Trainee: 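Take a look at the following structure, please.
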Number of protein chains: 2
Amino acid sequence: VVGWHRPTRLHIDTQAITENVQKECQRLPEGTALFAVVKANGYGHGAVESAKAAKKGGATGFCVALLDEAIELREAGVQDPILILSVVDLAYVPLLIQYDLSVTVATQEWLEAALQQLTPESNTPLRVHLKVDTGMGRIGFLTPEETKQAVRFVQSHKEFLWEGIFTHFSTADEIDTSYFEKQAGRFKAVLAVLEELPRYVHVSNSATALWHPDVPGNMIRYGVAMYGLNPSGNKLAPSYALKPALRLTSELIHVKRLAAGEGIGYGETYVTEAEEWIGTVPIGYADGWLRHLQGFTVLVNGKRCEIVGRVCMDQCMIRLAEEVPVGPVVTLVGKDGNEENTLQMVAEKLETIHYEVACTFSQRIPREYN
Amino acid sequence: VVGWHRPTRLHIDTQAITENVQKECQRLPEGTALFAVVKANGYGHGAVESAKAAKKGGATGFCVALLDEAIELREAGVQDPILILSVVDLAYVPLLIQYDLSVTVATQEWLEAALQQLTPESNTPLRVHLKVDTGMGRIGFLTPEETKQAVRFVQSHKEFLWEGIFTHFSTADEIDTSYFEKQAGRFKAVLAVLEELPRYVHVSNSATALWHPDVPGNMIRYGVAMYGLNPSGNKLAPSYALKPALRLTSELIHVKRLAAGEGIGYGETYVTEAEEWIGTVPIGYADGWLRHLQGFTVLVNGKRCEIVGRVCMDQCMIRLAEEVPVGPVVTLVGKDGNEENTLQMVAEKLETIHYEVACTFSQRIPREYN
Ligand SMILES: Cc1ncc(COP(=O)(O)O)c(CNC2CONC2=O)c1O
Ligand SMILES: Cc1ncc(COP(=O)(O)O)c(CNC2CONC2=O)c1O
């Protein structure tokens with residue numbers, strides 16, 4: 001299940017994770033907390049290690065997207081608050097108590113149904129965070145009144161404890177700020193009809209924390225920035241230099257001299273124009289190195305090489321500058337000489353964002369930590 | 001790392017894999033063997049349970065890409081021949097002997113090197129397969145004399161065994177048979193200088209087996225077709241009814257009505273043209289439901305539902321043409337009523353081949369079998 005017996009490898013610089021986190025904490029008021037969102041296996045970097053690295057930088061809470069992803073954190077030994085970011089089935093409400101997990105709620109219907117199968121006055125309250133939809137449009141309460149009604153209800157039952165209320169931004173990372181503020185208005189107006197306020201009032205994410213610090217709240221969910229990736233993609237400049245924590249390498253496992261007019265790859269989409277030194281790298285699209293990456297250039301001995309021909313499930317072919325033996329290290333993501341390949345670079349070639357590139361990296365790729 | 005606590009599931013139909021394998025086995029010259037390639041964790045369907053399904057279907061051997069994948073097969077109780085299709089780093093020759101695995105060899109250098117670490121009378125010969133490149137240009141011996149040299153060497157030292165020779169086609173699923181014929185030619189030459197052949201002489205794949213059933217050989221490496229997927233996308237009609245084995249479902253976890261003029265998802269790339277019902281499904285690009293699936297329509301109660309707004313890491317919102325509570329089954333790949341979502345459709349919307357959609361589905365998605 002994990003390709004340990006193949007030179008293809010992912011190196012993760014956890015120190016970066018800590019640095020990126022520390023620096024952000026230094027820009028936060030003494031009252032603002034920093035929760036490290038490590039869902040989807042730390043954006044493909046590794047949950048536990050990201051969490052562990054995250055903590056050492058000031059992290060005092062973590063966010064995940066699944067119940068069992070949290071259990072893994074609990075199991076891994078993290079004893080800090082863990083916030084599951086999306087809705088969770090009622091059948092699994094007991095698991096939330098057993099692991100003292102914090103859950104997000106978006107319907108009055110959920111709470112009422114949860115209220116049942118919950119002891120009258122449990123010695124273990126259910127930590128709820130109310131999600132308000134102020135523009136994202138995926139989950140949350142749409143109305144200040146509903147929001148408020150939700151609160152009144154959670155407040156009127158000791159079997160609950162709402163440690164939070166929050167919302168999420170859909171365009172924090174954009175130059176035009178108009179929609180952003182409209183979302184903030186919707187949040188203010190829904191907090192506005194509230195008497196009390198929980199311990200956690202969060203609204204910002206990586207993008208928000210960087211280009212909209214003034215935004216209210218005593219807690220922030222730091223994501224991609226943790227891994228040193230500009231949230232805006234390329235649109236704006238982070239408030240501080242982010243250190244990249246993802247590195248991907250492999251090596252040549254076959255070298256060859258091809259005559260002119262030899263086709264390489266499926267459907268022979270490529271044909272030699274002349275004498276060409278072609279290298280065979282053991283990484284395919286099943287590893288995450290997608291087919292549309294064809295044409296992209298990777299690194300070897302500090303020189304760029306083009307991926308020629310169709311990328312395969314388990315390998316691909318690159319045009320080597322000059323003869324070379326089997327064994328030279330192939331840098332796909334990272335620095336090598338003067339050349340460097342950023343996930344942003346991979347992303348732009350893939351016409352997506354690095355959030356996706358990173359997750360797409362299969363488990364078949366062993367990850368090594370500094 | 002597996003989200004069993006999230007209704008997003010990947011249903012696999014083993015019976016179908018068996019049936020796809022039997023169909024071909026009966027269609028086969030019966031003086032031929034069927035090897036089932038189950039790399040990339042069974043093409044996303046699950047290696048061990050796919051293999052076993054192919055066995056009871058008539059398979060008598062297995063192809064994988066990594067030594068690791070191979071050992072899994074051994075530890076699982078598979079006692080049939082297991083051939084590793086790519087080169088395997090010299091450092092693991094002893095494991096090869098340990099798990100009596102067959103290995104691919106595409107150079108003379110390697111062979112004379114493996115010989116070093118091989119004991120004259122180890123009573124365990126190194127079962128090798130000599131891959132000759134004829135077309136497709138990834139690995140293998142380029143010329144006849146080169147293979148003649150490789151062969152005469154292997155038959156010599158007798159720590160080896162030489163189980164077979166084979167090549168791989170790059171255009172077998174193409175309507176135009178030119179390039180194919182060429183590769184077949186070059187492979188005829190290769191075998192033409194060897195006054196002898198091994199147990200296995202294979203060149204056939206999914207594609208070649210279906211549309212070029214007469215090409216020379218006594219064993220085929222059946223891949224994608226044993227999973228029910230047209231090995232050519234939609235260019236050619238298979239030679240027999242392939243039955244899809246993969247299926248993907250999830251379910252509505254959030255439902256709301258929005259008023260005309262509301263934005264959904266990141267960036268605000270979508271706004272309600274009027275009042276409408278929006279559903280939220282717990283599956284995102286971290287699962288392998290890539291961002292470019294927007295506009296694609298999934299199935300709810302046999303009715304099509306368009307994915308609106310950007311696909312999130314962990315979820316996506318769809319436009320429900322009705323009014324429905326939470327819980328109805330969301331069908332992303334498979335049937336519902338008279339509607340059908342097939343991997344091909346997914347591949348076409350993604351602008352690639354289903355081979356990749358299947359291998360991209362993440363580990364986190366639980367795979368249910370029968
Ligand atoms: C509710 C919520 N808060 C915070 C975050 C952290 O965001 P950043 O990484 O941008 O700081 C996310 C992840 N949201 C994303 C990002 O990509 N796909 C998603 O579902 C989230 O869903
Ligand atoms: C040498 C070899 N034989 C047989 C197969 C099985 O092919 P089918 O699935 O098409 O029947 C493959 C997989 N080759 C692919 C397919 O995609 N990427 C690869 O490296 C292969 O590499």
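By convention in this document, chain letters (A, B, ...) are assigned in the order of the sequence lines, proteins followed by strands, and residues within each chain are numbered from 1.
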Trainee: Is a side-chain donor or acceptor of A/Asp80 paired with a backbone partner of A/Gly61 at a separation under 3.5 angstrom?
Mentor: no

Trainee: Given the rule in the salt bridge (charged side-chain N to carboxylate O under 4.0 Å, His left out) test, do B/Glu275 and B/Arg257 qualify, once you have shown the distances and angles that lead to the verdict?
Mentor: CA-CA 7 Å; B/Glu275 178 192 309; B/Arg257 206 206 298 124; 3.8 Å; yes

Trainee: Please walk me through it: do B/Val333 and B/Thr342 pass side chain to side chain contact (heavy atoms under 4.5 Å, CB included)?
Mentor: CA-CA 6 Å; B/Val333 178; B/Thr342 74; over 6 Å; no

Trainee: Classify the side-chain pair A/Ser102/A/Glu163 by whether it contains a donor and acceptor separated by less than 3.5 Å.
Mentor: yes

Trainee: Answer yes or no: is there a donor N or O on one side and an acceptor on the other, between the side chain of A/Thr104 and the main chain of A/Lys131, under 3.5 Å?
Mentor: no

Trainee: What I'd like to find out is whether the side chain of A/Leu85 reaches to under 4.5 Å of the side chain of A/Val64, using heavy atoms alone.
Mentor: no

Trainee: Testing the 3.5 Å rule here: is there a donor-acceptor pair between the side chains of A/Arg221 and A/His168?
Mentor: yes

Trainee: Atom NZ of B/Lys349 and atom CD of B/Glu351: how far apart are they, to the nearest 0.5 Å?
Mentor: 9.0 Å

Trainee: Is any NZ, NE, NH1 or NH2 atom of the basic residue among B/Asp287 and B/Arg6 found under 4.0 Å from an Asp or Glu carboxylate oxygen of the other?
Mentor: yes

Trainee: Would you say the side chains of B/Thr249 and B/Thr331 form a donor-acceptor pair under 3.5 Å?
Mentor: no

Trainee: Grab the two heavy atoms, one from A/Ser156 and one from A/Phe153, that are nearest each other, plus how far apart they are.
Mentor: OG-O, 3.0 Å

Trainee: With a 4.5 Å cut-off on side-chain heavy atoms, are A/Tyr355 and B/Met313 touching?
Mentor: yes

Trainee: Can you check whether A/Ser206's main-chain N or O pairs, donor with acceptor, with A/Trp211's side chain at less than 3.5 Å?
Mentor: no

Trainee: Looking at CG of B/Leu350 and NE2 of B/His292, how far apart are the two atoms once the value is rounded to the nearest 0.5 Å?
Mentor: 8.0 Å

Trainee: Give a yes or no on whether the backbone of B/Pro282 and the side-chain of B/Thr8 come within a donor-acceptor separation of less than 3.5 Å.
Mentor: yes

Trainee: I would like to know whether A/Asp13 and A/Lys243 meet salt bridge (charged side-chain N to carboxylate O under 4.0 Å, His left out); could you show each step before the answer?
Mentor: CA-CA 9 Å; A/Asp13 177 354; A/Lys243 191 163 293 183; over 6 Å; no

Trainee: Can you tell if the side chain of B/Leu252 reaches within under 4.5 Å of the side chain of B/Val329, non-hydrogen atoms only?
Mentor: no

Trainee: What are the two closest heavy atoms between B/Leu320 and B/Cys305, and how far apart are they?
Mentor: CD2-SG, 3.6 Å

Trainee: Output all residues satisfying side chain to side chain donor-acceptor pair (under 3.5 Å) with A/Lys158, sequence neighbours left out; order by chain, then residue number.
Mentor: none

Trainee: Tell me whether A/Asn20 contacts the main-chain N or O of A/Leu242 through its side chain, where contact means a donor paired with an acceptor under 3.5 Å.
Mentor: no

Trainee: Less than 4.0 Å between a side-chain N and a carboxylate O, is that true for A/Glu356 and B/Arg291?
Mentor: no

Trainee: Should B/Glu339 and B/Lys335 count as an ion pair when the cut-off is N to O under 4.0 Å?
Mentor: no

Trainee: For the side chain of A/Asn218 and the backbone of A/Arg199, is there at least one donor-acceptor N/O pair under 3.5 Å apart?
Mentor: yes

Trainee: What distance do B/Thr297 atom OG1 and B/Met345 atom CE have between them, rounded to the nearest 0.5 Å?
Mentor: 6.5 Å

Trainee: Please check if atom CD in A/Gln363 has more than 12 non-hydrogen atoms from other residues, nucleotides or ligands closer than 6.0 Å.
Mentor: yes

Trainee: Are A/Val190 and A/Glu145 close enough, and set up right, to give a side chain to side chain contact (heavy atoms under 4.5 Å, CB included), and what steps lead you there?
Mentor: CA-CA 7 Å; A/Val190 175; A/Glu145 194 53 25; over 6 Å; no

Trainee: Are the side chain of A/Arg367 and the backbone N or O of A/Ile365 linked by a donor-acceptor pair below 3.5 Å?
Mentor: yes

Trainee: Can you see which heavy atom on B/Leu290 is nearest to which on B/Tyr285, and at what distance?
Mentor: CA-CB, 4.0 Å

Trainee: Between B/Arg319 and B/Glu276, does at least one N-O distance fall below 4.0 Å, as a salt bridge requires?
Mentor: yes

Trainee: Can you name the nearest heavy-atom pair linking A/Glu72 to A/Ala47, along with the distance?
Mentor: OE1-CB, 4.0 Å

Trainee: Please confirm whether the ring centroid of A/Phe35 lies under 6.0 Å from the ring centroid of A/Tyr200.
Mentor: yes

Trainee: Please give me the minimum heavy-atom distance between A/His354 and A/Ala347, naming the atom from each residue.
Mentor: N-CB, 3.6 Å

Trainee: Is there side-chain contact between B/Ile264 and A/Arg138, with heavy atoms separated by less than 4.5 Å?
Mentor: no

Trainee: OG1/A/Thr124 to CD/A/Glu159 distance, rounded to the nearest 0.5 angstrom?
Mentor: 12.0 Å

Trainee: Does B/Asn341 use its side chain to pair, donor to acceptor, with the backbone of B/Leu332 at less than 3.5 Å?
Mentor: yes

Trainee: Can you check whether B/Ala259's main-chain N or O pairs, donor with acceptor, with B/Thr272's side chain at less than 3.5 Å?
Mentor: yes

Trainee: Name the orientation class of the two ring planes belonging to A/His212 and A/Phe180 (parallel below 30°, tilted from 30 to 60°, perpendicular beyond 60°).
Mentor: parallel

Trainee: Does a side-chain heavy-atom distance below 4.5 Å link B/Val281 with B/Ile318?
Mentor: yes

Trainee: With a 6.0 Å cut-off (strictly less than), is the heavy-atom count around CD of B/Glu323, excluding the residue itself, greater than 12?
Mentor: yes

Trainee: Would A/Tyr240 and A/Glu24 count as a side chain to side chain contact (heavy atoms under 4.5 Å, CB included) here? Give the steps.
Mentor: CA-CA 8 Å; A/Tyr240 69 88; A/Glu24 173 61 22; 3.5 Å; yes

Trainee: Scan side-chain atoms only and decide if A/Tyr369 and A/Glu49 contain a donor-acceptor pair under the 3.5 Å cut-off.
Mentor: yes

Trainee: Side chains of A/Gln183 and A/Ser170 only: does a donor on one sit below 3.5 Å from an acceptor on the other?
Mentor: yes

Trainee: Looking at side-chain heavy atoms only, is the closest gap between A/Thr360 and B/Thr360 below 4.5 Å?
Mentor: yes

Trainee: Any heavy-atom pair between the side chains of A/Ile84 and A/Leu96 that's under 4.5 Å?
Mentor: yes

Trainee: Flag yes if more than 12 heavy atoms outside A/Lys182 fall under 6.0 Å of its NZ atom; otherwise flag no.
Mentor: yes

Trainee: Would you name the heavy atoms of A/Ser239 and A/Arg27 that are closest together and state the gap between them?
Mentor: O-NH2, 3.5 Å

Trainee: Drop me the distance from A/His129's NE2 to A/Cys63's SG, to the nearest 0.5 angstrom.
Mentor: 8.5 Å

Trainee: Within the side chain of A/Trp110, is there an N or O that forms a donor-acceptor pair under 3.5 Å with the backbone of A/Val88?
Mentor: yes

Trainee: Within the structure provided, determine whether A/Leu67 and B/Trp4 are in side-chain contact (heavy-atom separation under 4.5 Å).
Mentor: no

Trainee: Output yes when A/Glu69 and B/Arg364 qualify as a salt bridge under the 4.0 Å nitrogen-oxygen rule, no when they do not.
Mentor: yes

Trainee: Can you tell me how far SG of B/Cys312 sits from OH of B/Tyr266, rounded to the nearest 0.5 angstrom?
Mentor: 5.0 Å

Trainee: Pair B/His254, B/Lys256 - check side chain to side chain contact (heavy atoms under 4.5 Å, CB included), show working.
Mentor: CA-CA 7 Å; B/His254 192 216; B/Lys256 61 175 170 292; 3.9 Å; yes

